[PDB]
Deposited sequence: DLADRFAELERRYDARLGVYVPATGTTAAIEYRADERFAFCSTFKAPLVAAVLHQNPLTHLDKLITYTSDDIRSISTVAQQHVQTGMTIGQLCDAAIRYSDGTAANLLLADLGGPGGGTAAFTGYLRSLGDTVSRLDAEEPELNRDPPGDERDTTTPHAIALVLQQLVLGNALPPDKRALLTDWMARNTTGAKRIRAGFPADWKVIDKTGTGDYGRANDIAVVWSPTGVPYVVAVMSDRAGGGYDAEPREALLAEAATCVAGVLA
């Protein structure tokens, strides 16, 4: 019935839609293709910043980054990179943050390890920007699931994965995100608070992961993922699909 409404959205937007909202005390979980794999695209940048915060003292956020270009001091701090990675979905920033995690594969293994540390046994990051938005449909590389990513985001924002000060930094960056106004945010009434991280890619990929707070003060975690493989590489992402999906979710949580 809710399932029937999501199926109608898929029909209307010629798309595959995935939704997960964890249960609360007064609401059942919402799950639609929740264990199907979808490309992360830029949604990984929210947990990425969490990983960097967790692995380092707060002072590290003041570290001005340096690099070498022989197959150099910059004016950029890790904190500035965290801000850019979330609020502007800056890919180069994410690549530098991944490298800051250390380990093999530019930090992709370390990031995947951080997710494992949060009990996410499903998600994987294999490549970095820009390739991670460009895997063909069906490729498991660089994917998560609505279910997986929702439970990660829940621990980060609502749980204890980060101490309070670090948690506040992540929450604020997500709260001031500039890219999500036409996705989950558009589907929830204005008196709900929404913090989010978007993701977009080829094959009509459009994602948004959010923590929303009802007027009554109840937090919910909403993960919506979509793609349009029927259109091939050039399929247009449909933000309005995510907004409409968010509206269905809101109607159930109201």
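Mapping the modelled residues onto the deposited sequence reveals one missing stretch, at 72-82.
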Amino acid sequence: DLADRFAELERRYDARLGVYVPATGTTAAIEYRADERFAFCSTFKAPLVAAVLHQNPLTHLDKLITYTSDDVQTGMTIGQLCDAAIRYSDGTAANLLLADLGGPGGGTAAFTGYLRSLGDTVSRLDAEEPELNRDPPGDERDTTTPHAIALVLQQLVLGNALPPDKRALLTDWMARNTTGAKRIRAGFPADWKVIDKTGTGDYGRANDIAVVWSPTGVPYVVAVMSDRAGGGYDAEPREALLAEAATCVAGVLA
From here on, numbers count along this sequence of modelled residues.
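Rigid core here is just the name for the largest C-alpha set that superposes within 1.5 Å across the two forms.
Superposing the other copies on the rigid core and comparing 61-69 to 218-226, farther C-alpha placement in 5 other deposited structures of this protein marks 61-69. After superposing on the rigid core, the larger RMS C-alpha deviation in 5 other deposited structures of this protein belongs to 72-80, the other candidate being whichever of 119-127 and 72-80 remains.
In this entry, 232-240 shows the higher mean Cα temperature factor of the pair 13-21 and 232-240. Look at the C-alpha B-factors of 130-138 and of 171-179. On average they run higher in 130-138.
When the C-alpha B factors of 225, 195, 41, 64 are read from the deposited coordinates, the top value falls at 64. Across 109, 98, 158, 115, the entry's maximum B-factor at the CA atom is seen for 158. Sort the modelled residues of the chain by CA B factor and residue 94 lands in the lowest third. In the deposited entry, the Cα temperature factor of residue 214 places it in the lowest third of its chain's modelled residues.
Residue 84 sits in the highest third of its chain by CA B factor, as recorded in the PDB entry. When all modelled residues of the chain are sorted by CA temperature factor, residue 190 is found within the highest third. Annotation for residue 102: CA B-factor lies in the middle third of the chain's modelled residues.
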